2 protein chains.
Amino acid sequence: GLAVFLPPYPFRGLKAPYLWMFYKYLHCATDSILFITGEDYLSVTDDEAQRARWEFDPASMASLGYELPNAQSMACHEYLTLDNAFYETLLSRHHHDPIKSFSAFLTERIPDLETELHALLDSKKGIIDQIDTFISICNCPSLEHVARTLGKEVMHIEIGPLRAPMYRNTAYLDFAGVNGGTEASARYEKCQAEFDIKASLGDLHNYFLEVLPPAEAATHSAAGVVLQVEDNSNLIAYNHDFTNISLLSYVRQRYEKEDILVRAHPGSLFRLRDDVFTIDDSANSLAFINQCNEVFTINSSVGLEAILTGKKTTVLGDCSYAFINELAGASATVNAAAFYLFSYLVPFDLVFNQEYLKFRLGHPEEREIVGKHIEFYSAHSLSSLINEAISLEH
Amino acid sequence: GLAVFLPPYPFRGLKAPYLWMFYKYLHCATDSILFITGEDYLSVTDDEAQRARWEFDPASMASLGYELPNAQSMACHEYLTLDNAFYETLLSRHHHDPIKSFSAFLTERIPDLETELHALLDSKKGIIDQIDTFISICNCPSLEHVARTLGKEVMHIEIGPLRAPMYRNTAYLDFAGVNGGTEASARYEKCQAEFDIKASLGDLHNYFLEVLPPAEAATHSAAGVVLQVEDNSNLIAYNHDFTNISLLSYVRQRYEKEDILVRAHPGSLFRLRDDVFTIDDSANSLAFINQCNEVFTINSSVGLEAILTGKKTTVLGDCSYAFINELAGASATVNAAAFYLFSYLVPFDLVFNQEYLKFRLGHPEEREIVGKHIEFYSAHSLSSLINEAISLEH
Ligand SMILES: Nc1ccn([C@@H]2O[C@H](COP(=O)(O)O[C@@]3(C(=O)O)C[C@@H](O)[C@@H](O)[C@@H]([C@H](O)CO)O3)[C@@H](O)[C@H]2O)c(=O)n1
Ligand SMILES: Nc1ccn([C@@H]2O[C@H](COP(=O)(O)O[C@@]3(C(=O)O)C[C@@H](O)[C@@H](O)[C@@H]([C@H](O)CO)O3)[C@@H](O)[C@H]2O)c(=O)n1
């Protein structure tokens, strides 16, 4: 079966922080799977002092394609629960800074964590052997080390950078790292010679757009700045020490403040005062981007959007799509982006689909991977698969 | 004379960033002083695309006690100007992050900076010998190293944590460090035995309050969180890696979100969304504090305010006043705070007064220092000086 790691540790101050993926796996489940999680994920469903959370909102539920589990839905599966005192103990080893503790959880081994994991995984006999792969929603070297000892692979799975309703839903699936430490550039390097895509970057973008585009390229700001959620894993671990405020100061070295348009992240706790910069108020990030000559970001999904619409983009942090931007030729960039969208990214629902997971677990050729994504999307060389997908969809 | 260091480097994206202190020294000047600064501080006065800055606002001018210089006012003094390409070069040595470059400027030696300083300081003969002390508005180990080579002391001078109109204006003056690396705790340790202050912490606070207090201790939040300006020197260098967002997550480990009251810094670029926490909207930080049972801060001036009003205070960064909070007994805390307010802090105008600077340059006894501050404030042992000041002022 699948071993799904949904750590309960409330680093950002929220209990059961990955509850939406717990509900998505639980909704889509054909076989039993092993949850490695925390008591919180199980009791939130009945605790009334938190039904104002967004994972219980029918608009988020419909958008991610899940319904709330019931007693029978829970009982198909096995559960292993981590405890809190390791969390308390972890905080005190990092000066009671929960954000530094999160950083450590994302980027270093924690021996106590590993022992707890090793203990739960043979808490009952037969558990270990039934495990076909681990799935983790974030990088976790404690788990990756545990997985090596046992001979298990680790699929790192997260919602993608293109999302409904603006786009088809996409998801990440990467054996090395999600967001940080990814293998997207190395997968492309192995197959770049098979890519001869007869489309522009804009045509790639249109294939994935599910809406009429805004499209008012008239009136502009020389520079657009993308802000991110301040304590997102991207901004804690893979940011190269850039923050929202040093990103703005980066931009202000280069442009006067009258030439800068700044878009706060809708999900951030913080908004911009209407004092110094021109604050964007577009209904969506695509219409924000189309108002800017160039775009500056740490590692937000919106940077990919800026690259697919042809904009000069500066990417200051590590991310899965950076390598696309770093290519020289215009054609080289198109081919790298097409591999990215059609083969690195996965149609969102497949990463919760157990047979597609078995497929990826056999490490098939890039042609097979691209042919299975396009089949899902549309419901013979690799280049002609994509070229025709583009040509027919249009 | 005085050698005043007002670095022109626009780390926070603002030219002539320390312009208000340049205008305060220029207004108060009796003798010629040597400015070590940048071309920007001189041309801003005539550049019309920046008279919207707050240093030209008659309300800031009246509050800090200065008027704008004229041609004659400038001509009393000598000027030495730093150049920009060292700044450009510094940025590229820190991944073009201006906030990391600022951190380095505040906490490490920069050899190129030192050579530039050494060059300007004997650009003309006789400059060096006329220098009686350097004054710097922030810590700068390049300058401190330069000062040691030449045999000069460095006064670190900044606006204090108590400010008009809520309080008498105060200023910092410290030979080792301002904000970071201060000597306040070590000055107190040398004289603690001379301190027997017959007053409460509240009476200390009242001596400095210049307004009727708000005073509505009825209705409360278990926890108040103080946010700071995100790219302030305090939050770049002396913060122990705490940020506004990890401070909130620190508080959320300890209290539910319904028990937390959060005050953004009025000067920050960012305000809080009205979604998750109760956002304070008091007219001033004192009325915010009086609504909270305990107060959490990195190293904001408001933490001192919380300590003078008797509140349980948590201080997560380095600051000049921390040592007061770390004391055990109630009496011990009063005495440490009285030394802090009456002898560590300086009445704001004296730190621009050239004869008072000569006084401090002779390193007089704490009794002399306290007697000169109280004389300024009111216009014989150390304990009876303060006890009577408190008793008469009331
Ligand atoms: N200034 C911004 C930033 C984002 N968005 C919108 O918010 C979405 C997410 O972009 P993000 O910038 O990539 O958001 C974060 C981030 O802040 O870095 C937080 C959260 O989405 C989380 O999903 C992580 C990664 O998905 C972690 O795996 O990424 C975009 O696709 C876009 O719809 C926006 O409109 N404006
Ligand atoms: N949440 C806050 C923070 C501050 N203040 C008010 O703003 C003032 C400054 O407090 P600060 O928190 O100490 O402000 C900063 C800071 O953000 O740390 C920025 C700026 O004042 C600068 O003066 C530095 C030091 O003065 C640097 O020497 O300190 C307080 O005295 C108080 O009037 C407030 O009302 N609410």
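Per the deposition metadata, X-ray crystallography was the technique used to determine this entry, at a resolution of 2.25 Å.

A. Focus on the interface of chain B and chain A. Contact with chain B, which involves 37 residues of that partner, is made by 37 residues of chain A. With both sides pooled, the region where chain B packs onto chain A buries about 3,300 Å², and carbon together with sulfur makes up 60% of that total. In terms of surface lost to chain A, no three residues of chain B exceed B:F270, B:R271 and B:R273, which account for 25% of the buried area on that side. Taken together, the links from chain B to chain A amount to two salt bridges.

B. Region of interest: helix α19 (residues 366-378) of chain A. Given a rise of 1.5 Å per residue, 13 residues ought to cover 18 Å, and the 18 Å separating the end C-alpha atoms of α19(A) matches this to within 8%. Inspection of α19(A) places A:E366, A:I369, A:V370, A:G371, A:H373, A:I374 and A:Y377 among the buried residues, and these make up the whole buried set.

C. Expanded view of the site of ligand 1. Residues and elements named next belong to chain A. By nearness alone, 18 residues border ligand 1, and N179, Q228, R263, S300 and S301 come closest of all. In this structure, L227 approaches ligand 1 through a main-chain N or O atom, which is 3.1 Å from a nitrogen atom. Measuring from an oxygen atom of ligand 1, one finds a backbone N or O atom of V229 at 3.1 Å. Its free accessible area being 670 Å², ligand 1 has 85% of it covered by the protein chains.

D. Spatial organisation of the packing of helix α10 (residues 184-191) of chain B against helix α17 (residues 330-344) of chain B. Residue and element names in this part refer to chain B. Put simply, α10 and α17 touch, their axes get as near as 10 Å, and they point 115 degrees apart. In terms of orientation, α10 lies roughly perpendicular with respect to α17. Here α10 and α17 pass one another in a crossing that is right-handed. Between α10 and α17, the contacting residues are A184, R187, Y188 and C191 on the first element and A332, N335, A336, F339, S343 and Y344 on the second. Here the contact of α10 with α17 is composed, by residue class, of seven nonpolar, two polar and one charged.

E. Structural view of the pairing of strand β4 (residues 133-136) of chain B. Residue and element names in this part refer to chain B. Of the two faces of β4, the one holding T133 and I135 and the one holding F134 and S136 are both buried throughout. Where strand β1 (residues 2-5) and β4 come together, four bridges link them in parallel fashion. Pairing of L2 across the sheet is with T133, part of β4. Note that β4 and strand β5 (residues 154-159) share three bridges and pair parallel. Its bridge partner lying in β5, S136 is registered against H156. Crossover β4 to β5 through helix α9 (residues 141-150) is right-handed.

Definitions and cut-offs
- Residues numbered from 1 in each chain as written, not as in the entry; some residues may be left out.
- Chains lettered and ligands numbered in written order.
- Heavy atoms only, no water.
- Contact = heavy atoms within 4.5 Å.
- Buried area = accessible area lost by both parts, 1.4 Å probe.
- Salt bridge = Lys/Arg side-chain N within 4 Å of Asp/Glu carboxyl O.
- Helix = DSSP H or I, 4+ residues; strand = E, 2+ residues; numbered from the N terminus.
- Expected span 1.5 Å × (residues − 1).
- Buried < 20%, exposed > 50% of the residue type's maximum accessible area, 1.4 Å probe, protein only.
- Near = heavy atom within 4 Å.
- Polar contact = N/O pair within 3.5 Å; in protein donor to acceptor, adjacent residues only side chain to side chain.
- Areas by Shrake-Rupley, 256 points an atom, 1.4 Å probe, with all protein chains shown as cover.
- Axes fitted to C-alpha atoms, helices over the stretch in contact; angles between N-to-C directions.
- Parallel < 35°, antiparallel > 145°, perpendicular 65-115°, else oblique.
- Left-handed = near helix turned anticlockwise from the far one by under 90°.
- Nonpolar A, V, L, I, M, F, W, Y, C, P; charged D, E, K, R; others polar.
- Pairing = 2+ DSSP bridges.
- Right-handed = clockwise from strand over helix to strand, strands pointing away.

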